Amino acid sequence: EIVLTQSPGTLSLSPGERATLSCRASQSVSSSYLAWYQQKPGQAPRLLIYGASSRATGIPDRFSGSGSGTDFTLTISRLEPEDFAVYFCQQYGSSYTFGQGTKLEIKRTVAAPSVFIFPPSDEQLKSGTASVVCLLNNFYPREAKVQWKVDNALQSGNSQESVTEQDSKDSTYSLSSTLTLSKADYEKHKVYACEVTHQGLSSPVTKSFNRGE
């Protein structure tokens, strides 16, 4: 199959700047059958470019496509706020295959997270499970590390996390992490902590509580 490799994985720019997105095919694309699509969160993809360089109806002229053979480029000449989205390339000459996408995000100043920790509620504990939740609020860039500790034992593999989409107004991210223990294990330990590492923090920040206090 024709594998399309997009680069970079993430592009961080600001409105007004020029974006260059690349797509490389493992085999030469037939008939320049190379298309580019835009996808915003919660939305279906939208065609931007086909035939490597032909703009779709309604697409503004700041979008342009070039390239041939194995190497293709999508250029956005002067970014607008609505252009920050995920972009996919696709070849339609030998079967139908897609790149893995490039995310074009807004670059803004570094912002450290505000960190909060929440113990399990008494209502939940009656059911046999304990969820401990850590919130990292309004931070940038997206890269952040959450390390759960239970009586200073570093936890690995017993938590799950998710991250919001970049905020349309302040361009930050927020993150939620849930540590799951049995009620019996929860009641065997005292100090529950989440330690957060992020570019905006000169050293890691820990928030903690003591069970039943």
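The first residue of the sequence shown is number 1, and the count goes up from there.
When the mean C-alpha temperature factors of 131 to 139 and 116 to 124 are read from the deposited coordinates, 116 to 124 comes out higher.
Mean CA temperature factor is higher for 67 to 75 when stretches 67 to 75 and 81 to 89 are set side by side in the entry. Note on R62, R55, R46, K188: the highest value goes to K188, judged by CA B factor as recorded. Looking only at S177, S168, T164, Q39, the residue with the top Cα B factor in the deposited structure is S168. In this PDB entry, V150 carries a Cα temperature factor that places it within the middle third of its chain's modelled residues. Residue-level temperature factors show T172 in the lowest third of its chain, judged at the C-alpha atom. Ranked by Cα temperature factor within the chain, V29 sits in the middle third according to the deposited record.
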